[PDB]
Amino acid sequence: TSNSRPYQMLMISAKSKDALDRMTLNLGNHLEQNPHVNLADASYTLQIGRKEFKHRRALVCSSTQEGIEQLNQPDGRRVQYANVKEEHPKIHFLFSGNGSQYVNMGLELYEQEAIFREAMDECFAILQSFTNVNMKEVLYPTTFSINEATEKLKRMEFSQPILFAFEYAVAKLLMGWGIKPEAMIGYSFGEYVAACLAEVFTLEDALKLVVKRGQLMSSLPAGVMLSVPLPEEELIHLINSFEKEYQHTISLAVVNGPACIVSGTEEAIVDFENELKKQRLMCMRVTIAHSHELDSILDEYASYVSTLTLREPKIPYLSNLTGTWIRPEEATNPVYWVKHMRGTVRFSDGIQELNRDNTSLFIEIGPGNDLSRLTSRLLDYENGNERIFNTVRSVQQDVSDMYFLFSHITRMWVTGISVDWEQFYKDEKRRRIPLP
């Protein structure tokens with residue numbers, strides 16, 4: 001209980017950069033001079049009940065020696081620094097869509113963080129109760145080999161509710177640390193998690209809904225998705241001509257600003273790729289849908305959604321169908337959910353609405369490097385990175401999950417996002433100690 005987390009964030013703030021840098025160097029020297037100081041107590045002393053000033057520096061370490069090395073170089077790029085100009089920034093959660101999930105994603109958070117673990121275990125209990133499947137064995141295998149869990153995570157009736165649960169739990173972890181969204185937006189499937197957090201549906205009904213969505217989609221052959229670097233109005237013209245010249249349908253699946261994603265069967269997409277080649281246009285497959293291929297399951301989906309309870313949102317969020325704020329009467333209409341399945345995802349429109357306040361800050365919930373890069377570019381071509389913060393590493397990134405999360409929380413905090421340290425320390429026994 002006096003034990004602490006395996007990573008520690010050190011927070012320092014001051015009324016000028018000069019004072020901040022002197023304090024940073026003083027703290028480094030103090031830790032070098034007393035190398036047995038309790039690092040968790042030092043971290044706690046710098047956070048708990050503390051006034052936060054506008055020049056801020058923060059870093060992550062896992063040992064006193066690592067903290068010393070960083071503090072001795074205050075302007076080193078391992079360390080985060082910013083001068084807060086907006087003290088109460090708008091915080092937006094951005095929910096990742098399907099496609100980047102992997103076995104054991106978030107494992108260190110499941111192991112270490114009570115808030116996260118509790119949210120995940122609630123989801124696993126609800127899923128087991130109505131599906132009779134233990135989905136924890138797939139996400140965090142303790143009897144299956146990773147090989148077998150990976151194969152089972154490829155089935156949509158598993159991957160969709162698992163991603164949903166994971167993103168829900170990440171969001172509850174941040175909210176449980178006092179990081180609350182002023183507004184939200186999902187990329188495609190991510191809208192379902194936004195809606196649950198806005199209390200459009202209960203966690204139980206959301207989990208039933210996404211299991212049903214996954215089950216229905218499992219009956220569909222995989223099609224293909226294709227990125228085309230032209231704006232919406234141009235894709236509309238290309239698709240219209242294509243459908244009249246070939247005997248195939250192409251759906252405009254996603255609008256991402258100056259580029260769009262289209263989708264269809266392999267046959268349709270190969271013909272479309274041929275037409276693009278005739279027009280000497282770039283394209284690239286990006287298959288991971290939102291298309292004509294869903295039409296045969298929509299009636300059944302509509303019927304199911306009609307059985308759930310839908311309520312008006314309590315946190316505002318963007319609609320992927322309309323590209324603007326969801327209306328109360330839209331969220332509560334079962335037909336909205338059916339249309340959302342079939343319809344174009346107006347992602348760039350939603351991001352443009354949020355970016356009307358160009359000091360707003362975005363936290364990506366769930367894994368997805370491509371989505372983070374796209375969003376950054378839509379916020380600001382040179383400097384969008386400074387306003388987006390991630391939560392989960394990509395499958396191939398060999399980095400600790402808690403390290404990755406805390407690296408981004410240190411960035412959030414220096415940029416002006418407050419953390420409820422009382423909740424952060426709710427399961428530890430810490431003491432304030434003397435510091436320079």
# chains A, B, ... in the order shown; residues from 1 in each chain; ligands from 1
>>> closest_atom_pairs(of="stretch 108-205 of chain A", to="stretch 331-355 of chain A", cutoff="7 Å", atoms="only C-alpha atoms", output="JSON lines")
{"residue": "A:187", "atom": "CA", "partner": "A:347", "partner_atom": "CA", "distance": 6.5}
{"residue": "A:188", "atom": "CA", "partner": "A:345", "partner_atom": "CA", "distance": 6.1}
{"residue": "A:200", "atom": "CA", "partner": "A:331", "partner_atom": "CA", "distance": 6.8}
>>> residues_around(residues="residue A:285", least_positions_apart="4", cutoff="9 Å", atoms="only C-alpha atoms", output="PyMOL selection string")
chain A and resi 224-228+261
>>> closest_residue(among="A:199, A:69, A:266, A:157", to="residue A:287", atoms="only C-alpha atoms")
A:266
>>> closest_residue(among="A:300, A:422, A:122, A:330", to="residue A:313", atoms="only C-alpha atoms")
A:330
>>> select_by_dssp(residues="stretch 25-103 of chain A", states="helix (DSSP H, G or I)", output="PyMOL selection string")
chain A and resi 25-33+39-47+64-71
>>> write_last_selection(atoms="C-alpha atoms", output="compact mmCIF listing (two decimals), in the first residue's frame")
# COMPACT_ATOMS: atom_id res chain seq x y z
CA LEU A 25 17.98 21.80 -11.62
CA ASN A 26 17.50 22.11 -7.82
CA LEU A 27 15.30 19.00 -7.79
CA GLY A 28 17.83 17.03 -9.88
CA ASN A 29 20.65 17.98 -7.52
CA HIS A 30 18.56 17.12 -4.47
CA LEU A 31 17.82 13.61 -5.81
CA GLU A 32 21.49 13.09 -6.75
CA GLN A 33 22.55 14.19 -3.25
CA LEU A 39 10.68 8.59 -5.53
CA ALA A 40 6.93 7.95 -5.26
CA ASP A 41 6.71 10.33 -2.25
CA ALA A 42 8.68 12.93 -4.23
CA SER A 43 6.25 12.54 -7.18
CA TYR A 44 3.27 12.84 -4.78
CA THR A 45 4.73 15.93 -3.05
CA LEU A 46 5.09 17.68 -6.41
CA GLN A 47 1.42 16.92 -7.33
CA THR A 64 15.55 7.98 -9.28
CA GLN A 65 18.64 7.70 -11.53
CA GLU A 66 16.49 8.05 -14.65
CA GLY A 67 14.76 11.12 -13.13
CA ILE A 68 18.17 12.67 -12.25
CA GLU A 69 19.44 12.22 -15.84
CA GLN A 70 16.39 14.02 -17.19
CA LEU A 71 16.21 16.81 -14.61
>>> select_by_dssp(residues="stretch 175-386 of chain A", states="strand (DSSP E)", output="list in words")
residues 183, 184, 185, 186, 224, 225, 226, 227, 228, 251, 252, 253, 254, 255, 260, 261, 262, 263, 264, 284, 285, 361, 362, 363, 364 and 365 of chain A
>>> atom_distance(atom1="atom CA of residue A:277", atom2="atom CA of residue A:374")
24.9 Å
>>> residues_around(residues="residue A:357", least_positions_apart="5", cutoff="12 Å", atoms="only C-alpha atoms", output="MDAnalysis selection string")
chainID A and resid 86 89:92 351:352 362 379 387
>>> write_last_selection(atoms="N, CA, C and O atoms", output="mmCIF file, in the first residue's frame")
data_model
loop_
_atom_site.group_PDB
_atom_site.id
_atom_site.type_symbol
_atom_site.label_atom_id
_atom_site.label_comp_id
_atom_site.auth_asym_id
_atom_site.auth_seq_id
_atom_site.Cartn_x
_atom_site.Cartn_y
_atom_site.Cartn_z
ATOM 1 N N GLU A 86 -3.897 28.836 -22.449
ATOM 2 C CA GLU A 86 -5.329 28.555 -22.116
ATOM 3 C C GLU A 86 -5.410 27.666 -20.889
ATOM 4 O O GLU A 86 -5.051 26.460 -20.930
ATOM 5 N N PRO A 89 -8.555 24.340 -21.029
ATOM 6 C CA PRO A 89 -8.792 23.973 -22.419
ATOM 7 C C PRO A 89 -9.973 23.035 -22.577
ATOM 8 O O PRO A 89 -10.244 22.219 -21.664
ATOM 9 N N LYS A 90 -10.627 23.068 -23.746
ATOM 10 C CA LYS A 90 -11.672 22.090 -24.029
ATOM 11 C C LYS A 90 -10.977 20.787 -24.354
ATOM 12 O O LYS A 90 -10.037 20.772 -25.155
ATOM 13 N N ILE A 91 -11.455 19.740 -23.717
ATOM 14 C CA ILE A 91 -10.884 18.387 -23.954
ATOM 15 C C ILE A 91 -11.869 17.555 -24.740
ATOM 16 O O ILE A 91 -13.001 17.365 -24.313
ATOM 17 N N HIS A 92 -11.410 16.973 -25.855
ATOM 18 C CA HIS A 92 -12.257 16.122 -26.703
ATOM 19 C C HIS A 92 -11.723 14.717 -26.714
ATOM 20 O O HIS A 92 -10.550 14.511 -26.973
ATOM 21 N N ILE A 351 -14.331 16.805 -37.213
ATOM 22 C CA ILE A 351 -13.081 17.354 -36.678
ATOM 23 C C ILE A 351 -13.041 18.890 -36.913
ATOM 24 O O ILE A 351 -12.691 19.648 -36.015
ATOM 25 N N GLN A 352 -13.493 19.318 -38.092
ATOM 26 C CA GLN A 352 -13.566 20.774 -38.414
ATOM 27 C C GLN A 352 -14.496 21.501 -37.421
ATOM 28 O O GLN A 352 -14.169 22.609 -36.983
ATOM 29 N N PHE A 362 -7.151 17.060 -28.052
ATOM 30 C CA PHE A 362 -7.826 15.811 -28.429
ATOM 31 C C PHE A 362 -7.088 14.637 -27.810
ATOM 32 O O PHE A 362 -5.887 14.565 -27.906
ATOM 33 N N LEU A 379 -6.133 19.008 -37.903
ATOM 34 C CA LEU A 379 -6.104 20.127 -36.956
ATOM 35 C C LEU A 379 -5.194 21.243 -37.436
ATOM 36 O O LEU A 379 -5.588 22.441 -37.398
ATOM 37 N N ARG A 387 -1.587 19.208 -30.193
ATOM 38 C CA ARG A 387 -2.950 19.155 -29.657
ATOM 39 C C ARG A 387 -3.543 17.773 -29.632
ATOM 40 O O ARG A 387 -4.745 17.621 -29.389
#
